[PDB]
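# Survey of secondary and tertiary structure
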Amino acid sequence: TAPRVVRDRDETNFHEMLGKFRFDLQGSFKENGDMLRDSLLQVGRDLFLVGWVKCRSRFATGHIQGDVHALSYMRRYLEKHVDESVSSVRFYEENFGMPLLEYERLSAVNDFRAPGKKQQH
RNA sequence: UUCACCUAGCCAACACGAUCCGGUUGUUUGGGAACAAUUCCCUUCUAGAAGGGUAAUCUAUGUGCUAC
């Protein structure tokens, strides 16, 4: 687990680093956010996403991790290239350069609560 | 492909694998139950006749009875 202090430069290692994404969406969505979740999953597979994501009617956040260069494209896609209406984009934290990764597969957390408890809640 | 999340609610006979045990550890030829009164008649033989017995209990599935 050698840090970037060993010899990363602009020759060949400039595109050999990992990190975490930074995004926090907020605003109303069509139906219950089904369109946004489906669109994000298809694009995420092409970029070989590892982290997870959360989608809902209003709340939309998550933690996405991957390559330093791969995540750069997603920043522009999820800021202007949005078919739905977006109010504003927030940020929580970011970090570039880290040995190995935490997650292994891309998945979206969905509300699988039973319908019986929905009325009580 | 809810690869997710707790398990006093799993197989060692699909397979890998911690420890004990080591059956020339394989092969040739066979078997692996529920149903006995023998070809019964001095009337008959190269064109049809007389006798066949374990009645012990459950679960899951096809199939039947309806008008005086």
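Per the PDB record, the structure was determined using cryo-EM to 3.6 Å resolution.

Under the PDB entry, the name given to chain A is Acylphosphatase-like domain-containing protein, and the organism recorded is Toxoplasma gondii. In its PDB record the entry is named "SSU(head) structure derived from the SSU sample of the mitoribosome from T. gondii".

So, on to the overall build of chain A. Each helix and strand counted, chain A has three helices and eight strands in total. Each principal axis of the C-alpha distribution contributes one length, and for chain A these read about 60 × 30 × 25 Å. In chain A, which comprises 121 residues, the proportion classed as buried is 25%. Counted over contacts in chain A with a minimum sequence separation of 6, partners at least 24 positions apart contribute 79%. Element-wise, carbon and sulfur atoms account for 50% of the exposed surface of chain A, whose accessible area totals about 9300 Å².

Time to look at helix α1 (residues 34-46). Among the residues of α1, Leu36, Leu40 and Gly44 are the ones counted as buried. Seen from one end, α1 has its buried residues packed into an arc of 55°, which puts them on one side. Looking at α1, the residues exposed on the side facing more than 90 degrees away from the buried face are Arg45 and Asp46. On its buried face, α1 sits against β3 (52-55) and α2 (70-77).

Residues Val53 and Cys55 line the buried face of β3, whereas the alternating positions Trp52 and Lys54 sit on a face that is not buried. Bridge count between β3 and strand β4 (residues 59-61): two bridges; the pairing is antiparallel. Its bridge partner being in β4, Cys55 is matched across the sheet by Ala60. Remark: three residues form the turn of the hairpin made by β3 and β4, two consecutive strands paired antiparallel.

What follows is about the sheet that holds β3. Pairing is mixed across the open sheet formed by five strands, whose spatial order is β6-β2-β4-β3-β8. Each end of this open sheet is capped by a strand with a single partner; those strands are β6 (88-90) and β8 (107-109). Recorded for the sheet is a direction-independent mean angle of 25° between the axes of neighbouring strands. Note that strand β2 (residues 24-26) and β4 share two bridges and pair antiparallel. Looking at β4, one finds that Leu25 is bridged to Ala60.

All right, on to the nonpolar core then. Membership of the largest hydrophobic core comes to 15 residues, with the highest contact counts inside it found for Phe21, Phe23, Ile64 and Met74. Residues within four places of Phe21 in sequence aside, it is in contact with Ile64, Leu71, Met74, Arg75, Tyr92 and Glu93.

Basis of the calculations
- Residues numbered from 1 in each chain as written, not as in the entry; some residues may be left out.
- Chains lettered and ligands numbered in written order.
- Part of a larger assembly, values for the part shown.
- Heavy atoms only, no water.
- Helix = DSSP H or I, 4+ residues; strand = E, 2+ residues; numbered from the N terminus.
- Buried < 20%, exposed > 50% of the residue type's maximum accessible area, 1.4 Å probe, protein only.
- Contact = heavy atoms within 4.5 Å.
- Areas by Shrake-Rupley, 256 points an atom, 1.4 Å probe, with all protein chains shown as cover.
- Arc of directions from axis to C-beta.
- Pairing = 2+ DSSP bridges.
- Axes fitted to C-alpha atoms, helices over the stretch in contact; angles between N-to-C directions.
- Core = buried A, V, L, I, M, F, W, Y, C linked by side-chain atoms within 4.5 Å.

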